[PDB]
């Protein structure tokens, strides 16, 4: 909402259209380590956030941040490499501006990915978790991307989030994981957003556990929210880049400056999976 005016999203949308002969259908937001999806595209046309009209520029991780328009597995994409984060100082209305613009680009689906810690013991690092739901902690406190005057032009005042993670795409994804014959069934669970750049303490992991979160991370929830607000089909996965220590026999460390699951091929499986899934994302054509 706030900070930008509808014409900002307009201007930015039209500029992007008047600058890429591409017209996307699926918008993909790559989390840390899953930036590689950008190589799978063809017809790729790269834009640095910086150069696009009202697009939040990166603060430091620019060296991982640009918008790549291409084609992935028979689907016109618009990939966002290096998403924005609240912990980077971005107000949420900047963190989600891209989703808003995507929609105006004709985008009707958003697949959000991210790297998260494994709250659920079942999770093995490297596990890919289909996001079934989310606990939007900063949202409970007011840090919700929709705070401010609602633009009935993008959507309602009180969007329903109960149905955020497209049930359809989740069934398809669980199937496709199977069709691929991967063995380890695509994990699935609730994702809990938590801001602040620092990592959870043991006692905090336990509340995230209690609350019912399966994987903890610092992004995605606001994009899922302004996406649904616009009526974008949304589904996503989180790459369990590590397991959070629930007991005080902590020791073990797993910074971004580590990120080794995503600092490895675990992330590669997610990229290909997401690529395969382009084939299960309904076309705007429908065509019977």
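Basically, rigid core = biggest C-alpha set you can superpose within 1.5 Å across the two forms. Positions refer to the first chain, counted from 1.
Taking 179 to 187 and 150 to 158 in turn, the stretch whose Cα atoms are more displaced from the shown form in 4 other deposited structures of this protein following rigid core superposition is 179 to 187. Between 237 to 245 and 216 to 224, greater CA displacement relative to the shown form is found for 237 to 245 when the structures in 4 other deposited structures of this protein are fitted on the core. The question of which stretch, 164 to 172 or 137 to 145, has the higher mean Cα B factor is settled in favour of 164 to 172. Stretch comparison (263 to 271 versus 14 to 22) by mean CA B-factor in the PDB entry places 263 to 271 on top. In this structure the maximum Cα B-factor among 183, 150, 113, 198 is found at 183. Comparing the C-alpha B-factors of 96, 109, 81, 179 in the entry, the top value falls on 179. Placement of the Cα temperature factor of residue 66 within the chain: middle third of the modelled residues, per the deposited record. Ranked by C-alpha B-factor against the other modelled residues of its chain, residue 40 falls in the middle third. Ranked against the other modelled residues of its chain, the C-alpha B-factor of residue 255 as given in the entry falls in the highest third.
Looking at the C-alpha B-factors along this chain, the one for residue 238 belongs to the lowest third. Ranked within its chain, residue 156 lands in the highest third, by CA B factor from the PDB record.
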